[PDB]
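One structure is given here, and the rest of the page talks about it.
Protein chains: 2
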Amino acid sequence: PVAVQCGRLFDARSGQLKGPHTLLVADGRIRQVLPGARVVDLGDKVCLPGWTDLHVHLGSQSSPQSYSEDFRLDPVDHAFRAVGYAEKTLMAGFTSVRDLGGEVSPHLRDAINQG
Amino acid sequence: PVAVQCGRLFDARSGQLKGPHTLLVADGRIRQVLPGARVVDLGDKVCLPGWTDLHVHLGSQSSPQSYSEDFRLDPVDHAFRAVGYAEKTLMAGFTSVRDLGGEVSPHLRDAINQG
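Chains as they are written, first to last, in the entry's author numbering: chain A, 22 to 57, 65 to 143; chain E, 22 to 57, 65 to 143.
So this is what it looks like as structure tokens:
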């Protein structure tokens, strides 16, 4: 378990910024939201839910050579690039994405789910 | 027939520049060389045999997109470009070439031989 201390809490259901709150996390789920067990101190930060990007293509990235690298590159090279792409996406603040095309992405999803 | 009047004649067999000469051409072959019938006046020009380029590739020309245009272009497009390539080569002064690779070149040779 862990107790997260947000300084300001954004209510997505309404769209308003509330006051200080304390989040109680256990077994990967939120159990309690009390206004005002390890402690994570985020009293200086605005505390938000994770973002979702509904249109991504994690198996490619456009470049000046994009059209040529469809007859030379194999899916394993795309898989090796997708590791860094996915880490960058997660570090940017997006904890969920909807991939809208590509054959490497289901394998990447299975690999991420397995740790 | 035709009588060509060179001002100066280059002797390829020896490698020296001779004096004025008159060439007699009939049936596509040289018949008579006389030092000093239509007349072609080239008394102001140095009169040389046609050149031969022993290493050409008339079916292609390098460009920034050369490597990509091997999965998009068909041989007919290369054939359409080879017409201008061959005309430019002939106008540059080269009446004979040795093509050292490519599948369009035998067809271009057959087309040129047929007129």
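The beta carbon of each residue, even a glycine, is placed where N, CA and C say it ideally should be.
Using 10 angstroms around the beta-carbon of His106 of chain A, count the other beta-carbons present and answer buried if the total reaches 16, otherwise exposed. buried
I'd like to know if the segment 81 to 89 of chain E and the segment 37 to 50 of chain E are in contact, where contact means that at least 3 CB-CB pairs between them fall below 8 Å. Because the criterion of three Cβ pairs below 8 Å is not met, the segment 81 to 89 of chain E and the segment 37 to 50 of chain E do not touch.
Could you confirm whether any beta carbon from chain E is found closer than 8 Å to the beta carbon of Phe99 of chain A? Interface criterion met: the Cβ of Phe99 of chain A is under 8 Å from a Cβ in chain E.
Between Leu70 of chain E and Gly28 of chain E, which are expected to be in contact by the criterion C-beta below 8 Å, what is the C-beta distance as a whole number of angstroms? 6 Å
Could you check if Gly129 of chain A is buried or exposed, using at least 16 other CB atoms within 10 Å of its CB as the buried criterion? exposed
Determine whether the beta carbon atoms of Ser96 of chain A and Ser88 of chain E lie at a separation below 8 Å. Taking C-beta atoms as the reference points, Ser96 of chain A and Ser88 of chain E fail to come closer than 8 Å.
Identify, in the order they occur along the chain, each residue of the same chain with its Cβ nearer than 8 Å to the Cβ of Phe122 of chain E, setting aside the five sequence neighbours on each side. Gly78, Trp79, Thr80 and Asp81
Residue burial classification, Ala47 of chain A (beta-carbon count within 10 angstroms, cutoff 16): exposed
Beta-carbon proximity list for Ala65 of chain A, same chain, < 6 Å, skipping 5 on both sides: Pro22 and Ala24
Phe122 of chain A (DSSP reduced to helix, strand or coil): In the structure shown, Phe122 of chain A adopts extended strand secondary structure according to DSSP, grouped into three states.
Could you check what DSSP says for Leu86 of chain A in three-state terms: helix, strand or coil? Coil, per DSSP.
Cβ atoms of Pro103 of chain A and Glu131 of chain A: under 8 Å apart, would you say? yes
From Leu136 of chain E to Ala110 of chain E, what distance separates their C-alpha atoms? If you take the alpha carbons of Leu136 of chain E and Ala110 of chain E, they lie about 8 Å apart.
Please name the residues in the segment 65 to 97 of chain E whose beta-carbon is closer than 8 Å to at least one beta-carbon of chain A, in chain order. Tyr95 and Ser96
Quick check on the burial criterion: 16 or more other C-beta atoms within 10 angstroms. Buried or exposed for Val125 of chain A? buried
Using the C-alpha atoms, what's the distance from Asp127 of chain A back to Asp98 of chain E? 31 Å
Distance between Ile140 of chain A and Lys73 of chain A (C-alpha atoms, nearest Å): 28 Å
Would you grab the beta carbon distance between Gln26 of chain A and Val54 of chain A for me? Rounded to a whole angstrom, and I think it's under 8 Å. Actually they are not in contact, since the Cβ atoms of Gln26 of chain A and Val54 of chain A sit about 12 Å apart, beyond 8 Å.
How far does the alpha helix (DSSP H) with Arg137 of chain E in it extend, from its first residue to its last? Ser133 to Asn141
When the Cα atoms are used, what is the spatial distance from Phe31 of chain A to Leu101 of chain A? Approximately 44 Å between the Cα atoms of the pair.
Once the 5 residues before and after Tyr113 of chain E are set aside, which same chain residues still bring their CB inside 6 Å of it? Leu86
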